[PDB]
>>> print(open('upload-v4.cif').read())   # mmCIF, C-alpha atoms and all ligand atoms
data_final
#
loop_
_atom_site.label_atom_id
_atom_site.label_comp_id
_atom_site.auth_asym_id
_atom_site.auth_seq_id
_atom_site.Cartn_x
_atom_site.Cartn_y
_atom_site.Cartn_z
CA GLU H 1 180.78 10.19 -34.03
CA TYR H 2 179.01 13.23 -35.33
CA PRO H 3 178.47 15.91 -32.68
CA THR H 4 174.93 16.49 -31.48
CA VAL H 5 173.29 19.59 -30.07
CA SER H 6 173.65 18.64 -26.40
CA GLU H 7 177.40 18.23 -26.80
CA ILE H 8 178.13 21.74 -28.12
CA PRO H 9 177.69 24.54 -25.59
CA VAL H 10 176.57 27.76 -27.22
CA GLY H 11 179.65 29.69 -28.36
CA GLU H 12 181.74 26.62 -29.21
CA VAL H 13 182.15 25.14 -32.69
CA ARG H 14 183.11 21.67 -33.82
CA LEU H 15 184.75 20.60 -37.06
CA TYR H 16 183.94 17.23 -38.56
CA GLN H 17 185.97 15.65 -41.33
CA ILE H 18 183.71 14.41 -44.11
CA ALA H 19 186.27 13.68 -46.82
CA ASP H 20 189.79 14.59 -47.78
CA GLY H 21 189.83 18.37 -47.65
CA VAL H 22 186.12 18.63 -46.80
CA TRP H 23 184.83 19.31 -43.28
CA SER H 24 181.51 20.35 -41.87
CA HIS H 25 181.20 22.78 -38.96
CA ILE H 26 178.62 22.51 -36.18
CA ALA H 27 177.33 25.17 -33.78
CA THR H 28 174.38 25.81 -31.46
CA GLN H 29 172.12 28.79 -30.95
CA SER H 30 168.82 29.65 -29.36
CA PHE H 31 165.74 30.12 -31.47
CA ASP H 32 162.46 30.66 -29.61
CA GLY H 33 163.49 29.39 -26.20
CA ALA H 34 165.13 26.17 -27.49
CA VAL H 35 168.68 25.52 -28.71
CA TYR H 36 169.34 23.88 -32.07
CA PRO H 37 172.39 22.63 -33.92
CA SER H 38 173.43 24.12 -37.22
CA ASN H 39 175.82 22.79 -39.90
CA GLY H 40 177.96 24.48 -42.51
CA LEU H 41 180.78 23.43 -44.86
CA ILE H 42 184.50 23.92 -45.35
CA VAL H 43 186.33 23.08 -48.57
CA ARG H 44 190.02 23.35 -49.26
CA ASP H 45 190.51 25.86 -52.10
CA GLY H 46 194.07 25.12 -53.07
CA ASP H 47 196.07 26.80 -50.34
CA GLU H 48 192.95 28.53 -49.00
CA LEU H 49 189.58 27.54 -47.55
CA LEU H 50 186.12 28.28 -48.87
CA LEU H 51 183.52 28.72 -46.15
CA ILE H 52 179.89 27.82 -46.71
CA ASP H 53 177.62 29.70 -44.32
CA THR H 54 178.37 31.20 -40.92
CA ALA H 55 178.31 29.47 -37.54
CA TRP H 56 174.95 31.21 -36.78
CA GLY H 57 176.05 34.30 -34.90
CA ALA H 58 178.99 36.63 -34.39
CA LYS H 59 180.37 34.83 -31.34
CA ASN H 60 179.86 31.38 -32.82
CA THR H 61 181.42 32.67 -36.08
CA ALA H 62 184.44 34.03 -34.22
CA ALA H 63 184.87 30.62 -32.66
CA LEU H 64 184.60 29.01 -36.06
CA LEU H 65 187.58 30.91 -37.39
CA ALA H 66 189.54 30.05 -34.26
CA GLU H 67 188.81 26.35 -34.62
CA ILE H 68 189.75 26.49 -38.28
CA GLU H 69 193.12 28.03 -37.45
CA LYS H 70 193.76 25.50 -34.71
CA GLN H 71 192.64 22.43 -36.64
CA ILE H 72 193.41 23.19 -40.30
CA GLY H 73 195.66 26.21 -40.48
CA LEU H 74 194.85 27.59 -43.83
CA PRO H 75 193.16 30.97 -44.19
CA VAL H 76 189.50 31.33 -44.90
CA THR H 77 189.46 33.67 -47.91
CA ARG H 78 185.91 33.37 -49.22
CA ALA H 79 182.48 32.66 -47.79
CA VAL H 80 179.14 31.83 -49.40
CA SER H 81 175.85 32.18 -47.56
CA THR H 82 173.10 29.94 -48.90
CA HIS H 83 170.08 31.93 -47.80
CA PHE H 84 169.21 34.98 -45.73
CA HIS H 85 168.60 34.10 -42.08
CA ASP H 86 170.68 34.67 -38.98
CA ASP H 87 171.96 31.07 -39.20
CA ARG H 88 173.52 31.59 -42.62
CA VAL H 89 174.49 35.29 -42.61
CA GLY H 90 174.75 35.94 -38.88
CA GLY H 91 178.49 36.43 -38.45
CA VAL H 92 179.21 37.94 -41.89
CA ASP H 93 180.45 41.12 -40.24
CA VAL H 94 182.87 39.12 -38.12
CA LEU H 95 184.12 37.26 -41.22
CA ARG H 96 184.57 40.56 -43.08
CA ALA H 97 186.57 42.03 -40.19
CA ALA H 98 188.86 38.98 -40.29
CA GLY H 99 189.46 39.50 -43.98
CA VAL H 100 187.00 37.12 -45.55
CA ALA H 101 185.33 38.11 -48.77
CA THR H 102 181.68 37.24 -48.30
CA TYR H 103 179.30 36.21 -51.09
CA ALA H 104 175.61 35.55 -51.63
CA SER H 105 173.10 35.53 -54.41
CA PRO H 106 171.55 38.96 -55.01
CA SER H 107 168.19 37.52 -53.98
CA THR H 108 169.79 36.51 -50.71
CA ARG H 109 171.34 39.94 -50.18
CA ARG H 110 168.04 41.64 -50.94
CA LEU H 111 166.20 39.58 -48.32
CA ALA H 112 168.83 39.97 -45.61
CA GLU H 113 168.43 43.71 -45.98
CA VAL H 114 164.63 43.60 -45.71
CA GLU H 115 164.87 41.47 -42.60
CA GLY H 116 167.62 43.35 -40.78
CA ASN H 117 170.30 40.70 -41.10
CA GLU H 118 173.90 41.07 -42.04
CA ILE H 119 174.48 41.35 -45.77
CA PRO H 120 177.43 39.72 -47.58
CA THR H 121 179.59 42.10 -49.63
CA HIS H 122 179.55 40.51 -53.05
CA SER H 123 176.72 39.38 -55.26
CA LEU H 124 176.92 35.97 -56.87
CA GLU H 125 175.97 36.16 -60.52
CA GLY H 126 174.54 33.28 -62.48
CA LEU H 127 172.01 31.86 -60.04
CA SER H 128 168.84 33.74 -60.95
CA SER H 129 166.65 30.81 -62.02
CA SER H 130 166.10 27.21 -61.00
CA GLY H 131 168.59 24.83 -62.55
CA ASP H 132 171.38 27.40 -62.59
CA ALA H 133 174.82 26.30 -61.57
CA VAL H 134 178.04 28.23 -61.22
CA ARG H 135 181.52 27.09 -60.35
CA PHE H 136 183.01 28.68 -57.26
CA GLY H 137 186.55 27.57 -56.61
CA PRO H 138 186.38 23.92 -55.50
CA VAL H 139 182.59 23.61 -55.48
CA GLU H 140 179.58 24.07 -57.66
CA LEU H 141 176.76 26.28 -56.43
CA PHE H 142 173.31 25.34 -57.62
CA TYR H 143 169.96 27.09 -57.18
CA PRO H 144 167.15 24.50 -57.29
CA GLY H 145 164.19 26.81 -56.67
CA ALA H 146 162.24 27.67 -53.59
CA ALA H 147 162.10 25.23 -50.72
CA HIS H 148 163.10 26.22 -47.21
CA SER H 149 163.36 29.78 -48.55
CA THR H 150 163.11 31.20 -52.05
CA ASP H 151 166.78 32.11 -52.41
CA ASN H 152 168.32 28.96 -51.02
CA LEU H 153 171.37 27.35 -52.57
CA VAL H 154 172.94 23.94 -52.22
CA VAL H 155 176.63 23.20 -52.67
CA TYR H 156 178.25 20.16 -54.20
CA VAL H 157 181.91 19.27 -53.80
CA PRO H 158 182.84 17.23 -56.88
CA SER H 159 186.22 15.89 -55.71
CA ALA H 160 184.38 14.05 -52.97
CA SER H 161 180.75 13.77 -54.03
CA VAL H 162 179.64 15.73 -50.99
CA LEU H 163 176.27 17.49 -51.34
CA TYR H 164 175.55 20.26 -48.84
CA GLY H 165 171.79 20.77 -48.75
CA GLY H 166 171.46 23.66 -46.38
CA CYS H 167 168.16 24.12 -44.63
CA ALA H 168 166.29 22.70 -47.65
CA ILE H 169 167.15 19.18 -46.51
CA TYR H 170 166.24 17.58 -43.23
CA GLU H 171 167.84 14.85 -41.19
CA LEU H 172 165.87 11.61 -40.79
CA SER H 173 165.51 12.32 -37.07
CA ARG H 174 163.39 15.28 -38.14
CA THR H 175 159.74 14.44 -38.79
CA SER H 176 158.22 17.93 -38.46
CA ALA H 177 158.77 20.87 -40.75
CA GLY H 178 159.30 23.24 -37.85
CA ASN H 179 159.31 26.92 -38.78
CA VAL H 180 158.52 27.37 -42.47
CA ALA H 181 157.42 30.98 -42.47
CA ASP H 182 159.52 32.00 -45.47
CA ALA H 183 158.96 28.69 -47.29
CA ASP H 184 157.35 27.52 -50.52
CA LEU H 185 155.80 24.22 -49.53
CA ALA H 186 154.43 23.96 -53.05
CA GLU H 187 157.70 24.26 -54.93
CA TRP H 188 159.78 22.60 -52.22
CA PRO H 189 159.26 18.97 -53.34
CA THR H 190 160.16 20.24 -56.78
CA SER H 191 163.46 21.67 -55.91
CA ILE H 192 164.50 18.45 -54.21
CA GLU H 193 163.70 16.66 -57.45
CA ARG H 194 165.86 19.14 -59.35
CA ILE H 195 168.59 18.32 -56.82
CA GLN H 196 168.27 14.55 -57.20
CA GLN H 197 168.47 14.78 -60.98
CA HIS H 198 171.50 17.07 -60.89
CA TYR H 199 173.47 15.20 -58.18
CA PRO H 200 172.82 11.48 -58.52
CA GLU H 201 176.50 10.72 -57.73
CA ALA H 202 176.15 12.26 -54.27
CA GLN H 203 177.91 10.01 -51.78
CA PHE H 204 177.46 12.40 -48.81
CA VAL H 205 174.51 14.70 -48.12
CA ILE H 206 174.59 17.27 -45.31
CA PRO H 207 171.50 19.07 -44.00
CA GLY H 208 171.43 22.48 -42.46
CA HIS H 209 170.64 20.94 -39.09
CA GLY H 210 171.50 17.58 -37.57
CA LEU H 211 173.08 14.40 -38.84
CA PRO H 212 174.64 13.86 -42.27
CA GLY H 213 173.04 11.19 -44.41
CA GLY H 214 172.85 9.96 -47.98
CA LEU H 215 170.55 10.86 -50.83
CA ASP H 216 167.74 9.31 -48.79
CA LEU H 217 167.64 12.62 -46.95
CA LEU H 218 166.13 14.11 -50.09
CA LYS H 219 163.03 11.94 -50.05
CA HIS H 220 162.94 12.09 -46.28
CA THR H 221 162.46 15.84 -46.53
CA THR H 222 159.96 15.74 -49.41
CA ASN H 223 157.65 13.57 -47.36
CA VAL H 224 158.06 15.71 -44.22
CA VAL H 225 157.06 18.73 -46.27
CA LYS H 226 154.01 16.97 -47.71
CA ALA H 227 152.70 15.83 -44.32
CA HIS H 228 152.77 19.56 -43.60
CA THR H 229 151.05 20.37 -46.90
CA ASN H 230 148.46 17.59 -46.48
CA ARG H 231 147.82 17.52 -42.72
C1 LIG H 301 167.97 19.30 -36.06
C2 LIG H 301 167.03 20.33 -35.42
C3 LIG H 301 166.27 21.10 -36.51
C4 LIG H 301 165.35 22.23 -36.00
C5 LIG H 301 165.81 23.58 -36.53
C6 LIG H 301 164.87 24.78 -36.54
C7 LIG H 301 165.77 25.89 -37.09
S1 LIG H 301 166.59 27.07 -36.17
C8 LIG H 301 167.35 27.84 -37.46
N1 LIG H 301 168.23 28.96 -37.35
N2 LIG H 301 167.00 27.21 -38.58
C9 LIG H 301 166.15 26.16 -38.44
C10 LIG H 301 165.72 25.41 -39.71
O1 LIG H 301 164.77 24.59 -39.78
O2 LIG H 301 166.37 25.63 -40.76
ZN ZN H 302 166.63 29.34 -42.88
ZN ZN H 303 168.14 27.00 -40.56
#
>>> encode(input="upload-v4.cif", output="structure tokens")
Amino acid sequence: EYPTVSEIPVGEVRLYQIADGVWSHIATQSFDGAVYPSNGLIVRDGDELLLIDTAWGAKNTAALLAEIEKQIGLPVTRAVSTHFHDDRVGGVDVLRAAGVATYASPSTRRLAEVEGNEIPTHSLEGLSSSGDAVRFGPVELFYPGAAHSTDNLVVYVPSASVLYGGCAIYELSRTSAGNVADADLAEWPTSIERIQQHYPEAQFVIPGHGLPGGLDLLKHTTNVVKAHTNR
């Protein structure tokens, strides 16, 4: 069973096996007087591990590495953050101090700087405009356009048809858009469409928060955004 927010005390991290050599990681953190769960991804990269996003904080991120070493035992050597926001780049300085080379799009780096967040070391080239894809070890990065934020990437794992949607994709449970300050509610339904066309083989879809689903999570989001654009 997939771990839910009430089962993860803040400062602990869980690892969930999605497919051979593909895990998600789950943590919890306070935002505005509530606690929420957050997902990220882990992909075997030959003898190494590629990390997708932090565990939303330095202490959570430290616990992430410790779980990885207990449960998997291969080093995390690279990390990709999928947008700027404490829940994707919070912990980058911990990762760096452990020896992890951290990566983000230059739009993502720019925005983390403006906002006071931690900034990954290395700039990902090749993701400037919507539709762009770039291969990154065992995964393909893909920028579909604005959505949850303007810089936000998704990640597909081709060996296993796993699609990591980051905060641009909601879980069915979720029926409200929540906090969309930095969002493009106009382009958002677009960028989902660009996702659906690019990854129709997706067997597993993971949102930035809550329960993994299938490609229905795409449409489920779209709607939820609209209801917030209409009403
Ligand atoms: C499954 C619960 C969903 C509510 C989450 C609200 C938060 S907190 C945070 N750091 N990000 C978000 C987001 O929407 O991306
Ligand atoms: Zn965000
Ligand atoms: Zn988020």
>>> residues_near_ligand(input="upload-v4.cif", ligand="ligand LIG 301 (chain H)", cutoff="9 Å", atoms="all atoms listed in the file", output="number ranges by chain")
H: 4-5, 29-32, 34-38, 56, 85-88, 148, 166-171, 173-174, 176-180, 207-211
>>> closest_atom_pairs(input="upload-v4.cif", of="segment 152-172 of chain H", to="segment 182-202 of chain H", cutoff="10 Å", atoms="all atoms listed in the file", output="JSON lines")
{"residue": "H:154", "atom": "CA", "partner": "H:195", "partner_atom": "CA", "distance": 8.5}
{"residue": "H:156", "atom": "CA", "partner": "H:199", "partner_atom": "CA", "distance": 8.0}
{"residue": "H:157", "atom": "CA", "partner": "H:202", "partner_atom": "CA", "distance": 9.1}
{"residue": "H:158", "atom": "CA", "partner": "H:202", "partner_atom": "CA", "distance": 8.7}
{"residue": "H:160", "atom": "CA", "partner": "H:202", "partner_atom": "CA", "distance": 8.5}
{"residue": "H:161", "atom": "CA", "partner": "H:202", "partner_atom": "CA", "distance": 4.8}
{"residue": "H:162", "atom": "CA", "partner": "H:202", "partner_atom": "CA", "distance": 5.9}
{"residue": "H:163", "atom": "CA", "partner": "H:202", "partner_atom": "CA", "distance": 6.0}
{"residue": "H:164", "atom": "CA", "partner": "H:202", "partner_atom": "CA", "distance": 9.7}
{"residue": "H:165", "atom": "CA", "partner": "H:195", "partner_atom": "CA", "distance": 9.0}
{"residue": "H:168", "atom": "CA", "partner": "H:188", "partner_atom": "CA", "distance": 8.0}
{"residue": "H:169", "atom": "CA", "partner": "H:192", "partner_atom": "CA", "distance": 8.2}
>>> residues_near_point(input="upload-v4.cif", point="(193.5, 26.1, -42.5)", cutoff="12 Å", atoms="all atoms listed in the file", output="PDB file with C-alpha atoms, in the frame of the given file")
ATOM      1  CA  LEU H  15     184.750  20.600 -37.060  1.00  0.00           C
ATOM      2  CA  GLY H  21     189.830  18.370 -47.650  1.00  0.00           C
ATOM      3  CA  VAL H  22     186.120  18.630 -46.800  1.00  0.00           C
ATOM      4  CA  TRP H  23     184.830  19.310 -43.280  1.00  0.00           C
ATOM      5  CA  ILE H  42     184.500  23.920 -45.350  1.00  0.00           C
ATOM      6  CA  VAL H  43     186.330  23.080 -48.570  1.00  0.00           C
ATOM      7  CA  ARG H  44     190.020  23.350 -49.260  1.00  0.00           C
ATOM      8  CA  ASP H  45     190.510  25.860 -52.100  1.00  0.00           C
ATOM      9  CA  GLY H  46     194.070  25.120 -53.070  1.00  0.00           C
ATOM     10  CA  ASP H  47     196.070  26.800 -50.340  1.00  0.00           C
ATOM     11  CA  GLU H  48     192.950  28.530 -49.000  1.00  0.00           C
ATOM     12  CA  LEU H  49     189.580  27.540 -47.550  1.00  0.00           C
ATOM     13  CA  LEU H  50     186.120  28.280 -48.870  1.00  0.00           C
ATOM     14  CA  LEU H  51     183.520  28.720 -46.150  1.00  0.00           C
ATOM     15  CA  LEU H  64     184.600  29.010 -36.060  1.00  0.00           C
ATOM     16  CA  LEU H  65     187.580  30.910 -37.390  1.00  0.00           C
ATOM     17  CA  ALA H  66     189.540  30.050 -34.260  1.00  0.00           C
ATOM     18  CA  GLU H  67     188.810  26.350 -34.620  1.00  0.00           C
ATOM     19  CA  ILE H  68     189.750  26.490 -38.280  1.00  0.00           C
ATOM     20  CA  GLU H  69     193.120  28.030 -37.450  1.00  0.00           C
ATOM     21  CA  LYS H  70     193.760  25.500 -34.710  1.00  0.00           C
ATOM     22  CA  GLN H  71     192.640  22.430 -36.640  1.00  0.00           C
ATOM     23  CA  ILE H  72     193.410  23.190 -40.300  1.00  0.00           C
ATOM     24  CA  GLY H  73     195.660  26.210 -40.480  1.00  0.00           C
ATOM     25  CA  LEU H  74     194.850  27.590 -43.830  1.00  0.00           C
ATOM     26  CA  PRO H  75     193.160  30.970 -44.190  1.00  0.00           C
ATOM     27  CA  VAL H  76     189.500  31.330 -44.900  1.00  0.00           C
ATOM     28  CA  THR H  77     189.460  33.670 -47.910  1.00  0.00           C
TER      29      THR H  77
END
>>> closest_residue(input="upload-v4.cif", among="H:10, H:139, H:147, H:206", to="ligand ZN 302 (chain H)", atoms="all atoms listed in the file")
H:147
>>> residues_around(input="upload-v4.cif", residues="residue 59 of chain H", least_positions_apart="5", cutoff="9 Å", atoms="all atoms listed in the file", output="list in words")
residues 11, 12, 64, 91 and 94 of chain H
>>> closest_residue(input="upload-v4.cif", among="H:205, H:218, H:111, H:227", to="ligand ZN 302 (chain H)", atoms="all atoms listed in the file")
H:111
>>> closest_residue(input="upload-v4.cif", among="H:224, H:181, H:104, H:217", to="ligand ZN 302 (chain H)", atoms="only C-alpha atoms and all ligand atoms")
H:181
>>> atom_distance(input="upload-v4.cif", atom1="atom CA of residue 14 of chain H", atom2="atom CA of residue 27 of chain H")
6.8 Å
>>> closest_residue(input="upload-v4.cif", among="H:63, H:18, H:172, H:89", to="ligand ZN 303 (chain H)", atoms="all atoms listed in the file")
H:89
>>> axis_aligned_box(input="upload-v4.cif", around="segment 91-103 of chain H", padding_each_side="6 Å", output="lines of an AutoDock Vina configuration file")
center_x = 184.0
center_y = 39.1
center_z = -44.6
size_x = 23.0
size_y = 17.8
size_z = 25.0
>>> closest_residue(input="upload-v4.cif", among="H:98, H:13, H:19, H:55", to="ligand ZN 303 (chain H)", atoms="all atoms listed in the file")
H:55
>>> atom_distance(input="upload-v4.cif", atom1="atom CA of residue 146 of chain H", atom2="atom CA of residue 101 of chain H")
25.8 Å
>>> closest_residue(input="upload-v4.cif", among="H:82, H:221, H:149, H:117", to="residue 39 of chain H", atoms="all atoms listed in the file")
H:82
>>> atom_distance(input="upload-v4.cif", atom1="atom CA of residue 122 of chain H", atom2="atom CA of residue 152 of chain H")
16.2 Å
>>> residues_around(input="upload-v4.cif", residues="residue 141 of chain H", least_positions_apart="5", cutoff="8 Å", atoms="all atoms listed in the file", output="PyMOL selection string")
chain H and resi 133-136+153-156
>>> write_last_selection(input="upload-v4.cif", atoms="C-alpha atoms", output="PDB file, in the coordinates of the input")
ATOM      1  CA  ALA H 133     174.820  26.300 -61.570  1.00  0.00           C
ATOM      2  CA  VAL H 134     178.040  28.230 -61.220  1.00  0.00           C
ATOM      3  CA  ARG H 135     181.520  27.090 -60.350  1.00  0.00           C
ATOM      4  CA  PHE H 136     183.010  28.680 -57.260  1.00  0.00           C
ATOM      5  CA  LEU H 153     171.370  27.350 -52.570  1.00  0.00           C
ATOM      6  CA  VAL H 154     172.940  23.940 -52.220  1.00  0.00           C
ATOM      7  CA  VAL H 155     176.630  23.200 -52.670  1.00  0.00           C
ATOM      8  CA  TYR H 156     178.250  20.160 -54.200  1.00  0.00           C
TER       9      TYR H 156
END
